[PDB]
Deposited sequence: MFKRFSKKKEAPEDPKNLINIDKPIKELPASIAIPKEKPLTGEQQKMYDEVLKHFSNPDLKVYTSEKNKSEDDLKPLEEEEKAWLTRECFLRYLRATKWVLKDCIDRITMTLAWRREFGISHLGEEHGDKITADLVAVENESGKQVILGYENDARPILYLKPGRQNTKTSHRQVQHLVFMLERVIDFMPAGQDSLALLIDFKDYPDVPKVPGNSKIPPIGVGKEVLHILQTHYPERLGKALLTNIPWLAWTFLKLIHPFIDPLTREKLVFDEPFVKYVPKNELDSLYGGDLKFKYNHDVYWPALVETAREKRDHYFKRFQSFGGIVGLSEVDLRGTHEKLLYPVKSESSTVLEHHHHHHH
């Protein structure tokens, strides 16, 4: 019996023991395309749709300060890679995500600035700890645990709102220099949690594919029921090699996560029991700290579109990536 590490709150900072991967350098034509996107969203006269769902050319609103802070160098790069470096597609996708973010109630970088999705709104959804932000894996990705066997609410739109909220918070926890997350999915049934319309799948799929490009860096799956397990194993080789590498179906998590960063349930050193009244306020306060820092940094650098997340999340006095 090993000696585990007590923990009941999210790990605030990436430990120094985990290095941040180096970014792939951009070809000449890629930089040129990047500059066009930068130019498009730097336009002082830019106006975008008030929603995605009900978008109209005749109902537009110029960018808010908070939207400029979201429109980062890496945001541009995520969409460029998602759209396979097609300039018009990149611009439209970004535009539509801005549009969706206003509609959904998350365009203001936090409830502190007017977001309608609040911590208090979705807190009940996390009551049984069905989603947990905790730790960092080998490539400095923040970890999001998903535990559908701990489901505590009935299907509703609020489930989607919680889903999006937790995604935004795990993004708040990104270390400077990283912009993708790791999903750790535990499919076990937990009877300890009492089990309680339109299936939310379609909306969640639309949200993940359309508004969260290039965010899934790793997905680790464990405690898979037999039929699902068999299915996943039968199809794994037929999955495209570059997607295949991102997906791990029932292998030890310890090979992708350092032990002191991993829950002991899955072979790690962390002794974690979800305690809502302790965990939830810690996550909310920690996420808020990160956002305050990020936004202060953004204003200190001119409050312009195109700033780097490396700089906005970092602490160096001078910009590592100055804006053209």
Query raised in the report: So which bits of the deposited chain never got modelled?
Result: 1 to 14, 211 to 217, 346 to 360
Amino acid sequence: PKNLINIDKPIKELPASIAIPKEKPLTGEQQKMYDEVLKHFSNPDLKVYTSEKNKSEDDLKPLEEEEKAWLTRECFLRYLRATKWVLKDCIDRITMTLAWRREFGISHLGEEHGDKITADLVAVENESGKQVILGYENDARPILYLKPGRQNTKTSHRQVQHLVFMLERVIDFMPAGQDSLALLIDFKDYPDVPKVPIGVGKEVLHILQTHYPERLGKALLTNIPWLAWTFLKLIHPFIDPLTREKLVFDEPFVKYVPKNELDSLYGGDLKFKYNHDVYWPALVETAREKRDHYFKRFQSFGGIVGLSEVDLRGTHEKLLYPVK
From here on, numbers count along this sequence of modelled residues.
Query raised in the report: Do at least a third of the other compared PDB entries leave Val196 without coordinates?
Result: yes
Query raised in the report: Between 22 to 30 and 36 to 44, which has the higher average C-alpha B-factor in the PDB entry?
Result: 22 to 30
Requested in this report: Would you determine, from the values in the PDB entry, which of 66 to 74 and 266 to 274 has the greater average C-alpha temperature factor?
Outcome: 266 to 274
Report task. Go through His236, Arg93, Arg102, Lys202 one by one and give the residue whose Cα B-factor in the PDB entry is largest. Result -> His236
Query raised in the report: When the CA B-factors of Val254, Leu98, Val132, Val164 are compared as recorded in the entry, which is the largest?
Result: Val254
Report task. Please place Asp179 in the lowest, middle or highest third of its chain by C-alpha B factor as given in the entry. Result -> lowest
Query raised in the report: Considering only modelled residues of the same chain, in which third does the CA B-factor of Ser308 rank: lowest, middle or highest?
Result: lowest
Report task. Consider only the C-alpha atoms of the modelled residues in this chain, order them by B-factor as the entry records it, and name the third containing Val196: lowest, middle or highest. Result -> highest
Report task. Could you tell me which third, lowest, middle or highest, the C-alpha B-factor of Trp229 occupies within its chain? Result -> middle
**Report entry** Third of the chain's Cα B-factor distribution that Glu112 belongs to, per the entry
**Finding:** middle
